[PDB]
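Trainee: I would like to see how this sequence folds:
(18 chains)
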Amino acid sequence: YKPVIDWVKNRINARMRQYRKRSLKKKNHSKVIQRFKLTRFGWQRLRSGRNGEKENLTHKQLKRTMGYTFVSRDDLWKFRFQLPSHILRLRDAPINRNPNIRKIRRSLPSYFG
Amino acid sequence: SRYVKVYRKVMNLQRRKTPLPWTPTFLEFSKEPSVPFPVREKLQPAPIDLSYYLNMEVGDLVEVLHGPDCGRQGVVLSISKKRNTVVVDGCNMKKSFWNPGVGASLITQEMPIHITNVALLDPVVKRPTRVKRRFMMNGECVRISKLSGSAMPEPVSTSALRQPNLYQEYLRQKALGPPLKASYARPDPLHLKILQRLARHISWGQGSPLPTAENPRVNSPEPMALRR
Amino acid sequence: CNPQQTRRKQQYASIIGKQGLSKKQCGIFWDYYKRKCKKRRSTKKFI
Amino acid sequence: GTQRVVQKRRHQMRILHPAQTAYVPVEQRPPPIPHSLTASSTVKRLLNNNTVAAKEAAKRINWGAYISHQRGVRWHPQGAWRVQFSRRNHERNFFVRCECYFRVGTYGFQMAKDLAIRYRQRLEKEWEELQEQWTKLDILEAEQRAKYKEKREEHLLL
Amino acid sequence: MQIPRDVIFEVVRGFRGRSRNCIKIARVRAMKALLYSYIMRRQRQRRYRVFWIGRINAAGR
RNA sequence: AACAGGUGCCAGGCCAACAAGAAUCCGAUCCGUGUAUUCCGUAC
RNA sequence: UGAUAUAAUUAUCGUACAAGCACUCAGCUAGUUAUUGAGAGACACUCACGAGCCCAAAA
RNA sequence: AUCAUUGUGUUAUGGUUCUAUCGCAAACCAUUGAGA
RNA sequence: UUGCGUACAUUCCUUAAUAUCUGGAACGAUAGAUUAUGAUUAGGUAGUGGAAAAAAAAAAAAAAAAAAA
RNA sequence: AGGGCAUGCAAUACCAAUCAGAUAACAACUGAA
RNA sequence: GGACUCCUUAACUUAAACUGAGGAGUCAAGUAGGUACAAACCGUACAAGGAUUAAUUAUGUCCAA
RNA sequence: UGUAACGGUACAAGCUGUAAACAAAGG
RNA sequence: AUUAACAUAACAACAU
RNA sequence: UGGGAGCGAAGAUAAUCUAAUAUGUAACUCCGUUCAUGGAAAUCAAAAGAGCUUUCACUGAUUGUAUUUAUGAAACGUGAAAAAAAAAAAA
RNA sequence: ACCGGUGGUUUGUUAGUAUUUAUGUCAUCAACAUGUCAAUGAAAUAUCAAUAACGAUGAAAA
RNA sequence: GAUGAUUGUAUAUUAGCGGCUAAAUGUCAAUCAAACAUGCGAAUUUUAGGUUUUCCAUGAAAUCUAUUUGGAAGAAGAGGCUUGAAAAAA
RNA sequence: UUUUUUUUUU
RNA sequence: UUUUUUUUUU
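Mentor: Residues are numbered from 1 along each chain as shown, chains lettered A, B, ... in the order given. What follows is the structure:
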């Protein structure tokens, strides 16, 4: 008595596995994207209390509540996985420590180098 | 289910006769290597020629056991040993095609049948039986049936069973291509001969000018000089 | 993943760098040594 | 497929852009300020501080004294003149790397400069000469080789 | 891992039974053997300075 | 890939009914298809 | 003979130490994978073309 | 370089895993035989 | 009153620095031979980063190299 | 393939509603494959 | 959602190595030295590496030293 | 078709089927 | 025929 | 055989629980695979037009069902492979 | 271009391999026991001679 | 106990979503408040074990909101890191 | 077939 | 304009 392996079966299943594996696609949330807006400037959303009681509120507060506000940077991480399709590339200010470009350089006779 | 597609795809490979022909082009590579080969088992019983053992000869009378032709008698036309198959007249007709010749627009042809699906009829009894060979003192071979114990009749002559194969003719015609144009089909030997004559002057002329009415002459061919 | 592989490698290395070794001499490494020699002989082949 | 939107900034109804300058052709470009000067703290703070006192001090500071019109001679934040002369030779197996320093506290600001200049000038010539000798050496070697080959052939003829 | 295997055997040369041959035991043994020398080579100085001071005082007296 | 088999171990020119060197030098015992050089057959 | 020295490993605030495994050796044994992803102020390599880049399956 | 002697060093013997094929198409290519 | 013992020198000799700022934006260059009074340095759990190795297999680049033979 | 080739694998299925056995007089008698 | 000590302080039997707060050091993640014997105290120009060298520190100077 | 039992062979993981390792010469 | 653990033997030592 | 027909639960996810996914998945019975399955319009489209059936790519993880967890080779349309209305009143 | 006969390639030098049976349980059921068809040697058609020793063949032995 | 709810025997019936039970959770192939065998139905774990070569650079926390807030830091967010410097003669 | 396509311009 | 398919004669 010896153990005989099912090469036919094993190879058949492995080919299927590989084929399936290398055929995948992205997935995005529905509810999430149903409550967000993408713009050139950044993500957009609504303010809470819109549908709530607004009796004890001034005009200034009402106006702001009726408005929109950008999504905080702390929450962007979620989107990475939630909304792979939709990607927002942040663009911060330049960071250059070159003394040559500084205003001080103008008073100097020449440039450092 | 979300696995049918892949399943089928995988299965197809089995039937696939990999590798397949592939013509080359400019800056192009083949993909045949990337095609997995089919899976097969080696250890299996060796083949056998059932035709030889059953004492079944071309032109013999047989009857269909199963299939659409539950009871139908015929004459064996062809036997294939490697496939273990036989061809019986007036039975199992499924292969249809366009008429390659004179007649109707459609013609059918008989298809091969497994040897196992047929049996030899008894001479007198007219029932499926077995046949055994017996050798005489003189070396004469006689085929004797089991049921009746009687001698079998001789086979039909091949000249009578010879028939044309129109399926092959249709395949040969298809291999060439679509039908030719009427205009193009028309012969023109008068101008074809002039073109053929000009072809030799162009090829074996060595750049020599063609003959003219005022100068009907042409430079002779030059031989291959040896390296002294 | 063991002392055994070090012994096999040391043994191998001690015989690889030689010529005119017999089958009885090479031992388990006979195939390897033959492939090495045939590989080496490739440079001497001209059109 | 997928969309990749870039972020933008708004200011006074205008799209903010990074600083950019045009090209100003110049007939002759003056020498730059050595970078080594920045390695100290007095200038480092000056540069790192954007203030009127700094800008005024900058004006007063004489930048022209540290400029050296001689290759191989540079200023060091240690308060010295560094002399650099690096060369390699694998053929002759000779590698040289000068790291001479001329301190100010020993000689002076101008004296050191002068001395360094002189030293580099000297080294140049020295190198030149050495190369010129190596060529003749090579030639000689060649000649000896040829004579040895002829002598070897003599024995075969004998 | 701390020490090569090839060197442990060398270092454990001359020790008692099972400790000159056992990788397991040898490890722990060798570690301490090297540690002690490591530690003592730094303190070797004051132990000789005190001896020199004592001999000088003896002589002087 | 001359892995086509064998001949004492790695053979295009040796056995294998059809082409082609008992080729020369080197070799611890020790045959040795092995190193160096060279010739030839091939629509194999 | 003189001087000197508290097996190793993990957890833990704690060398925690009288807690857990191991007599020794030989063989096997625990971070595998982008035809589908990527630079997001706790760290993100490199090649080609350029307002233009890639080209899917047949072949 | 502490064997005082029951230790250590070298070497040798013993123990010690175990691989010599009895095989290689149903696919493709080339060639040949009778009859259309 | 005047004393003395004591832990730690990068004085000497040999190495190392990868999140944009150590001179170095220097020199050299046919693919870098390691700076002699050179400044800061180099204890480390968790986490993070750089670099050198692991005797094997494949590739149709294992003889234009002194002397000797 | 000249010749020969005990025995066992429960076999009217080269045909024919179903339900035990050498495959069942009606009815009793029922059913997702 | 921390172990010892310094100052202030809540609770407790002005008790306990408890329970919980405000702000400094050490350990955690620190070596060797001193405190007789086992992290927390003093000192350190505090452990890349090697050798037979010089120094005001906690602190010592009858013997073990 | 594929296999199990008994017998023979040299009692055997082979071969074989009481004709149980062969008829080769039909005038 | 064959590594280690393991088993036995021979030689080597004197400031004791 | 992850093919087709009958019947068909649970471990698991939702950090317990209902729906839901797993999955019409596993076990049981039957058909036995290109000589198969399928099929030559009372269809789709909307104001143009395509013209039996079948395979691949893109449209597109778009629309839709769900939500506390997922699932989804959707329809029209484009490219490409293979191309098939009927032999026929009898002798 | 079917059909018969001959040869070669790929699958496959890169991948692999199973048929006999001792032992457990009432049964279902589970299971890789024990180097090779094998003294050794390329060759046994080289294993000679015999009483101790020296002798024979073999690259190597009693 | 032994003239009686005596003992003993061939071949038989009740099958786990169960049967047996003069009623103990006693028994059904010598640890049954729910038996044993098989499973491409390819088993789940806020607990807990293990996690394999060197050298170098840099270098933590035991704090906060929320989770009907826990305890042996579970999950999510915030906070905490490479900023600077430190080389000189009338 | 997918992606991108200045907000400046005497 | 900067290209290209070989049998005549089973």
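Trainee: is the strand ranked longest in chain B anywhere near RNA strand O?
Mentor: What stands out as the longest strand in chain B, according to DSSP state E, is strand B:73-80. Yes. Applying C-beta under 7 Å from any atom of the strand, one finds strand B:73-80 touching RNA strand O at B:78, B:80. All C-beta atoms are positioned from the backbone trio N, CA, C, and that covers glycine.
Trainee: strand partners of that strand, parallel vs antiparallel please.
Mentor: Using DSSP bridges, the strands paired with strand B:73-80 in its sheet are strand B:61-64 (antiparallel), strand B:85-88 (antiparallel).
Trainee: for the helix or strand hosting residue D:110, packing partners?
Mentor: Using DSSP states H and E, residue D:110 sits within helix D:109-157. Counting contacts by 3 or more C-beta pairs under 8 Å, 6 or more residues apart in numbering or on different chains; DSSP states H and E, helix D:109-157 is packed against strand D:73-76, strand D:80-89, strand D:94-103.
Trainee: got the angle for that helix vs strand D:80-89?
Mentor: Counting by axes from the mean of the first three to the mean of the last three C-alpha atoms, to 10 degrees, helix D:109-157 lies at 10 degrees to strand D:80-89.
Trainee: Briefly note if helix D:109-157 comes near RNA strand I.
Mentor: Yes. Helix D:109-157 is in contact with RNA strand I by C-beta under 7 Å from any atom of the strand, via D:145, D:148-149, D:152.
Trainee: Give me the distance from stretch A:56-72 to the chain's centre.
Mentor: Taking C-alpha atoms, centre = their mean, to the nearest Å, one finds the center of stretch A:56-72 at 25 Å from the center of the full chain.
Trainee: Can you check the distance spanned by it, start to finish?
Mentor: Terminal residues of stretch A:56-72 lie 27 Å apart, using C-alpha to C-alpha, to the nearest Å.
Trainee: can you give me the strands in chain A?
Mentor: So, for chain A - with DSSP E - the strands run A:37-38, A:43-46, A:68-70, A:86-89.
Trainee: buried residues in the second one?
Mentor: Under the neighbour-count criterion of 16 or more other C-beta atoms under 10 Å in any protein chain shown, strand A:43-46 has residue A:43 buried.
Trainee: Equivalent analysis for the third one, please.
Mentor: The neighbour-count criterion (16+ other C-beta under 10 Å) identifies no buried residues in strand A:68-70.
Trainee: Give me the helices and strands touching that strand, please.
Mentor: On a contact count with 3+ C-beta pairs under 8 Å, 6+ apart, strand A:68-70 meets strand A:43-46.
Trainee: hey, C-alpha coordinates of the strand it packs on in PDB?
Mentor: Extracted in PDB, the C-alpha atoms of strand A:43-46 (Å, rounded to 0.1, in the frame of the first residue of the first chain):
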ATOM      1  CA  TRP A  43     -13.200  66.400  -1.400                       C
ATOM      2  CA  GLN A  44     -16.500  68.000  -0.400                       C
ATOM      3  CA  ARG A  45     -19.200  67.100   2.100                       C
ATOM      4  CA  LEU A  46     -22.200  68.500   4.000                       C
END
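Trainee: Is it positioned near RNA strand G?
Mentor: No. When contact is scored as C-beta under 7 Å from any atom of the strand, no part of strand A:43-46 falls within range of RNA strand G; the minimum is 8.7 Å.
Trainee: can you list contacts of that strand?
Mentor: Around strand A:43-46, the neighbours that count as contacts under C-beta atoms under 8 Å, 6 or more residues apart in numbering or on different chains are A:35-38, A:68-71, A:76, A:79, A:88.
Trainee: Got a ChimeraX select line for the buried ones in the residues you listed?
Mentor: This is the ChimeraX syntax for the buried subset of those, where burial follows 16+ other C-beta under 10 Å:
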select /A:36,38,71,79,88
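Trainee: Nearest to residue D:20 among the contacts of strand A:43-46?
Mentor: If you rank these by distance to residue D:20 using C-beta to C-beta, residue A:88 comes first, at 26.1 Å.
Trainee: which non-adjacent residue is nearest the closest one?
Mentor: residue D:5 (5.9 Å; C-beta to C-beta, 6 or more residues apart in numbering or on different chains).
Trainee: three-state assignment of the one you found?
Mentor: The three-state assignment at residue D:5 reads strand, by DSSP: H, G, I helix; E, B strand; the rest coil.
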